[PDB]
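> Whatever this is, show me its structure:
(chains A, B, C, D and E)
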Amino acid sequence: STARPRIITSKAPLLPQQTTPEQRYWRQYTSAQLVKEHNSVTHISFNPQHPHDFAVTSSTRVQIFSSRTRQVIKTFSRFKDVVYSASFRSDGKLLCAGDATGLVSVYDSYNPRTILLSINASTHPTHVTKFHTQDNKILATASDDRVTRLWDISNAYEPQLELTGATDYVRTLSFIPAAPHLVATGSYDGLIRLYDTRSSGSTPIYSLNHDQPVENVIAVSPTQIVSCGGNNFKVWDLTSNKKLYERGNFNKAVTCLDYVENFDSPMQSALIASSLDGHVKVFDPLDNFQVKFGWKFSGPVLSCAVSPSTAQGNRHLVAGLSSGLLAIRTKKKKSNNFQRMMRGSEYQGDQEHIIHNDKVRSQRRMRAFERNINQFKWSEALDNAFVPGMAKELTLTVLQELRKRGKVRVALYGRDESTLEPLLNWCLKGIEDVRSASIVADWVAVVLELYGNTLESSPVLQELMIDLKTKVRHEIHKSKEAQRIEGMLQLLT
Amino acid sequence: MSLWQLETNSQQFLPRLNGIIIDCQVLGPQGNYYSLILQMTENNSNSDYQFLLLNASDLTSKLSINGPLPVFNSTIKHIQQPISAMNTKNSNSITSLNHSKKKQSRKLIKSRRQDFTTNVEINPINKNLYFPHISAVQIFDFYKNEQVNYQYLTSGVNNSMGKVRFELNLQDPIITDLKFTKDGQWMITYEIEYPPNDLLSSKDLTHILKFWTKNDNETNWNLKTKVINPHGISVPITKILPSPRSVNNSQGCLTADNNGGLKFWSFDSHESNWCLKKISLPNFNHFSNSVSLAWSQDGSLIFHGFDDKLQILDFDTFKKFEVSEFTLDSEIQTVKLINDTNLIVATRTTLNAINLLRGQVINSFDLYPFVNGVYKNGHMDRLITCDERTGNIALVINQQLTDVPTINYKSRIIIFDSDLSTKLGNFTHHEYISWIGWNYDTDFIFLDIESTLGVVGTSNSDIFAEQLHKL
Amino acid sequence: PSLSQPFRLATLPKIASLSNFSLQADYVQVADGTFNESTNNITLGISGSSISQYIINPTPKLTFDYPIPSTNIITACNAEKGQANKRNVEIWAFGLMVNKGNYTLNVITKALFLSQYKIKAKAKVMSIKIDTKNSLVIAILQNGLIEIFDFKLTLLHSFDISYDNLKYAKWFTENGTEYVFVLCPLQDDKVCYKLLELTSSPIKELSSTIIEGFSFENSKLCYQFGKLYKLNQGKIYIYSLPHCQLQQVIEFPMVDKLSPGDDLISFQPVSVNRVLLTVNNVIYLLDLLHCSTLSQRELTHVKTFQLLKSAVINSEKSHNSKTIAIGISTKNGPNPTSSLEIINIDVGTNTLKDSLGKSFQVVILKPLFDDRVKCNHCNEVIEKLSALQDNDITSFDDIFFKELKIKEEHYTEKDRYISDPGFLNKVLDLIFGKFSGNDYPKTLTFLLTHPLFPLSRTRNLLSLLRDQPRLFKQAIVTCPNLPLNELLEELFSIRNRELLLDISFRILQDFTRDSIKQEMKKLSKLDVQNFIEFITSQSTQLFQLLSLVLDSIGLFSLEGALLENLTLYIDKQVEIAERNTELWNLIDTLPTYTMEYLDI
Amino acid sequence: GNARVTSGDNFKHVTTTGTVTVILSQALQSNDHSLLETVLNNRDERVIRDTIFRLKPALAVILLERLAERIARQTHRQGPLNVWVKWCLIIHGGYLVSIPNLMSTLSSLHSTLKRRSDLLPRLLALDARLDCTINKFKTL
RNA sequence: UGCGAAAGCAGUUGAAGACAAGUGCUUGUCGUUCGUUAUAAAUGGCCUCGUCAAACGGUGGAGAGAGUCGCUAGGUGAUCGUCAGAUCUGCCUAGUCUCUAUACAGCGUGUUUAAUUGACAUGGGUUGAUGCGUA
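Numbers count the residues shown, from 1 in each chain, chains lettered A, B, ... in the order given. The structure is reproduced below:
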């Protein structure tokens, strides 16, 4: 004996642009809340530690959003002029920010009242202030003064090192993982300058030409650095010092770029790149940086970020707009005497000699139409086919199964105009689609052969056939057109 | 199976058995075991019995027994279908039995088409033997001489219900071809699904192709991809040839039609499925089911014989080489290259050996007296086989008659060294040899219509111990 | 695979030792280290002139020259680049013998002269290997001694193979370990083969064997990938390492015709299972696996070309199929001048595609069985036909049908024995010569139905049969391999409707659209226009043929006025074509009170 | 189970103002579906012809691919889009001829068109039966 | 039935004996033969072992649903009418635009390329069957 086969849902040949496993994961960023801010949100960053609250810089203020609540929990408004960054330290205890005045303020994250260290980096605005990932103490600062001073938290009065050489605004600083000595900066000159802090410094080790003003530089991996500038982003390798790839799908100038690796997605690593065209799209580094998904937003996107790898909860996708609109998308993640009377159920037989299991696994409950085919209820299985809110694919099967079983006339004997109308109404709709066109062609012929006389005396059915006769005719015209195109193509090739 | 309780006229059931129950019995002092005989009427060519012994306690197969289950192209000897309420394809009515028996004897005696050859395959990794039974594949171990598995490779009403009366006229999908890649991990199947009768779509056969895969430890093949109507609509896939080891590391195959098309499929890791890598246009309206296909060990060139003409197609261009066109006296049956040098081409009248290097036929042997029209096109493919090291074999079977033909047959194997210069061996068996193919070691296996797989190849203590054992 | 034209590297000096063209090659030594696939430099030792280094590309030039006295003969020469105690340096090692009295082993180091050294070798130096990693120079002497020296020519280790009169020694690397095998002649055509591995003793003997029947005096030897190649009396003998066992013998019929003494043969390898052979001024590229001549090139402007060395491709690992070889070319004339010439070689893909049909090696139906079961002399005939008087049709048919026992005027399955192609070719020649004009024998009708009708006669056959309507009709229906060109040209020139339809059917059945489409393009535009007119005035394939015509014409060529007439015609056909279809499908397809009168 | 189905024809791996060209070239380059869809929304055949006339030949190839996937998913849009496809094939016929490979880069068109054209004989058979019965009762 | 392509191209379905029924005659039948390649219909349908909830991983999707008198292109109705148009601020189909747990279908998570847990005493008895919910 053998268990009964489960009826096999029909699957017509794959059509173009099928849903890919990458897209299925990223479509789960469903819940969308739009918040409005006074000015353009310039920079967004995530706390590396639990609960991974993320900071957003807008106008003269920095706001920290709880991960679970998705609402402001701390506000830093002490800054007099605009603020330009909110990067966390690796530990996540501190928060550093810059000003147009040029001062760099280090606050204790989650204690906005206390200011730990204040540094007068330069008289010009201080756009980028990043902590060093490997080393906690050293803080980097970039100014429109075109010098990227390397600060130390212990000694604030003088810089530990003062990298220079850029002939334009520096707005991008990156630290290469596993090479703490190395520092990577990008200017609007179109050159990405790499420096070594172990050496004397103040002169770049070598420059990589990007050919357009560089808007952000991100070190994707210890040997690869991806830089987004102008209308494209190019990934560079330092060992060879040449570009492995470049992608120009974007239209407006890319502005921000972020990277995340080793999260529960099918795609191991993701590169999200803002567009300034309202787009923020995902690229896959394991696949030569090919696109896999994208979102569109109302205005240009000036900052992007995704929750870190160790999110430990609902994931977040955050984007920033020049209109001040902030868009968040989230992937949500008896009595004792009785118990003593029955205490054996927990046991799984770890100490026993012989373990014997015979329980058959529970199968998914079978739908009504399958129950009727299995019990040989041919006519009812047809009725269940046409019921309100029945998925189209499932209905097409129970027509096919009956035809495959050889029960087409048998399912249509005891029927009149009252109970034949549902079949024709589906057929009126099924005839359009390519997949069900052959099957509807088959059933429609039978009911005519079997209800010719009934059709004459029933006026309602007569209309159903005129309307059907109209649409089948319309289908002929479409198919005839397709042939002419097909012939047209063969001429070209 | 129905157990009728006669006290209350109730019943208990054991359904979905492998075949119709010819016989039942209760075998034991306390009715411990039920013994059943099953028929598997699907195979109309032969009577494929299977003996079951079920434990009465839980109605589960205590012992299942069956011989090899090939499917021959036509009925053999005196096989007669069982008795049904109606005359159908799979059964005989009350009256039709005697008349069908007479027609069967007259067909075996008078007619001239006597092709009972059956397709079979040999698994490289395991050397199990794969039988393409109707709508299923039966995996049989001939070293141990037992069946190991029986898997349904098609859709259709296979075991969902027991066909009765008119339903019995339905034809389940038929596995026409089944082949393995050289590496032995991929299984290719080609199937024809027959539409029901008396409908509009009752003349458009559906050609399906499927790719399966399994690990060595596992025993069930898993379907990995499915192509519906390859090469177009209603156009058969006459031939399947798995690729040699060189190209894609044995992860590809060629399929050939009756219209002259070649489709080269390969396994793409990025996609993780098989995909149609190369194509040739089957456009010219010359139709013939007689097509031969061979592939050189290197994988560079392909030999495609269609009707009476052989073509040499480069693999890189998938087009004629830039002599590639060879005409034969008649339509080609089999094209095989015994070694990289020599190509052995069989036509309906003769067989020949040709040097690709010289392009000159060396030896030609006349087959017409033995093979004239007894075999349909493409079954000589399965009668002839070629080793990869030593040489090839030709199998020729003939009817024995004394004073009009008689049902009994006699078979003869002929071992040919490469290029057919010498006969290494000559042998004769006393029954129709259906298939002979090359197992991958030196020996060859062949199948007889008796379903017999033959092989052609190169002190007081001592008493106390006895008394203790007796007790 | 193809051979490039040789290009001169240098002109050999006019020295007496080099005056002997047969022995000229032995006096020119090529360094193994510098001439490979990826190097652009060639270091050469010309006996009595110098040892010189040349750059090949972009143009040949001389980079360095070390003069040698005219009385010295360069027996071995090898040069390798490396680092020596660190400075990048080029180490040159060459061995000379002066009148056989004294043997010289010299080492020269050049900064990329840093140093030059010289010692007296005990015997003739035959092979030198320079190990730049270990700064060791390893020399092989004819007396069997293997001496290991440092770059200062201080002897470090010496190993004797226990045999004298060494004749062949070759270096090869396997899996990162260096090796050498040495062949020593013995008496009675016996040869001592010894395999040595280079590593307390740096040299280890791995194999030693005695080979019988192996002669040297008329044998040319070369080695490639564990296989030793011996050319002797036109037979190539393949021995395989490490045991130097004979695997295969290849007979080369071209060399069997060479008179012994006059023809100058040189034999060097170029790739896997592929070698280069030269016979006087003709060059061959051979595939030894399949026994095929990949490419042949004749140098008409040189009397003889002698190989010296070739750069060998590791084709199983290398995507490059192009390499280079160096040889000595000697010109014709009373004062012959020898020149060094380089030849570029395209070995190919090492695949059966290259070798198909190019073998250098140069039928009657046989009953399958020699001996109660159901059954389901060409030359003489040719001679009889040939004896016939011209235009004697009756005798010709009588002889052909009666001798061969042919029963039908058309070929059948019962005439398989006649299917020997040559006899058909001769009979066809007989028919043409004996018969001309308007009367041809019924034999031709039988041959035209023969499936093995020769391809040599297929051309113009339609023209020959143009006179007779019946034979022409017979050709179209059954004559195999009729050229598509002639069918097409005849298709659009005929005005007869019946022949038009069948030619369409024949053209469609035997040819793909892609092949037909190209030929229609070659045609004149008037003819397609004329054919298109016949349409507007079994029709299945004729329409499908028109669709082919339309595509070949292309977009640009078609004309609007003619197009509209077509546009009208096709619409009429579609209206009809639709119309028949519904016809075809159609063929396949109580009262409360009522009045009635009783029947009483 | 989860095995992919497919078919044999999936050859995937083998002048006037109001013209919307500028929006179209951007929409295809950036793969902006929403922006593209506004462009496809217009239906004036004079506008369709002028857009495709000035569209760069390189972009036309992906346009056919983009229209192809739209048609395959949404059958009802066969009519309106087919004029775009017809016009793209007409204007850029010369360039399309000089392309290394067409089956791979236009596989979706061939897949879509082949599916429809196969249905034609079946539908004609359905039409004939309906005319037989419709004529019958209308007369009666 | 033969040949062939799958399409089709040709060709068949004869004679005797016996029985049953109705009235020697008529029809139907054959666990009878010879010869030729040669409707159905005895009220008659497939077992039990464990269910439910909630996840997760791939495979498909005509997406499952709700809005926008916001656009584009059609089709078309009621009454009146000076045939130009009016009122229903008309209706329907399709595309588009906005949104949601991809909300929908399916295979698996006894080891697989990938991927799971949790609840229950899987019992007996009593009431309601005009059951419960909704119009």
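> C-alpha from now on. contacts and neighbour counts both.
Will do.
> Can you point out the buried residues in the lengthiest helix in chain C?
Ranked by residue count, the top helix of chain C under DSSP state H comes out as helix C:560-588. Buried residues in helix C:560-588, defined by neighbour count with 16 or more other Cα atoms under 10 Å in any protein chain shown: C:566, C:570, C:582.
> Would you mind giving those as CSV with distance to RNA strand E added?
Shown next, in CSV, are these (distance: Cα to the nearest atom of the strand, whole Å):
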residue, distance to RNA strand E
C:566, 28
C:570, 23
C:582, 16
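> with the residues you listed in mind, which one is nearest to residue C:376?
Nearest to residue C:376 among the buried residues of helix C:560-588: residue C:582, at 47.3 Å, using Cα to Cα.
> just checking, that closest one touches residue D:122?
No. Residue C:582 lies out of contact with residue D:122 (Cα atoms under 8 Å); the separation is 11.5 Å.
> Can you name the residues bridging to residue C:268?
residue C:276 (DSSP bridges).
> And for it, the neighbour number?
Using other Cα atoms under 10 Å in any protein chain shown, the number of residues around residue C:268 comes to 24.
> Compute the distance between it and chain B, please.
From residue C:268 over to chain B the distance is 24 Å, taken as Cα to the nearest Cα, to the nearest Å.
> who's in contact with that residue?
By Cα atoms under 8 Å, 6 or more residues apart in numbering or on different chains, residue C:268 lies in contact with C:222, C:275-277, C:307-310.
> Would you reformat the residues you listed as CSV and include distance to residue B:210?
Below are those laid out as CSV (distance: Cα to Cα, whole Å):
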residue, distance to residue B:210
C:222, 52
C:275, 46
C:276, 49
C:277, 52
C:307, 57
C:308, 58
C:309, 55
C:310, 51
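> so which of these would you say is closest to residue A:474?
residue C:275 (70.6 Å).
> doesn't residue C:267 make contact with that closest one?
Yes. In this structure, residue C:275 is within contact of residue C:267 by Cα under 8 Å, at 7.3 Å.
> now for the longest helix of chain C, which elements pack on it?
Under the contact criterion of 3 or more Cα pairs under 8 Å, 6 or more residues apart in numbering or on different chains; DSSP states H and E, helix C:560-588 touches helix C:525-536, helix D:107-139.
> contacts for the first one?
Translated: helix C:525-536. So helix C:525-536 is contacted by C:492-493, C:546, C:549, C:553, C:565-566, C:569 (Cα under 8 Å, 6+ apart).
> check whether the helix or strand that it is followed by contacts chain A.
Of the helices and strands lying after helix C:525-536 in sequence (DSSP states H and E), the nearest is helix C:539-557. Yes. Legend: contact between helix C:539-557 and chain A by Cα under 8 Å from any Cα of the partner chain is shown at C:551, C:554.
> buried stuff in helix C:539-557?
Under 16+ other Cα under 10 Å, the buried positions of helix C:539-557 are C:541-542, C:545-546, C:548-553.
> likewise stretch D:80-96?
Within stretch D:80-96, the residues that count as buried by 16+ other Cα under 10 Å are D:81-82, D:84-93, D:96.
> Stretch A:26-44 now?
Using 16+ other Cα under 10 Å as the test for burial, stretch A:26-44 gives A:26, A:29, A:37, A:39-44.
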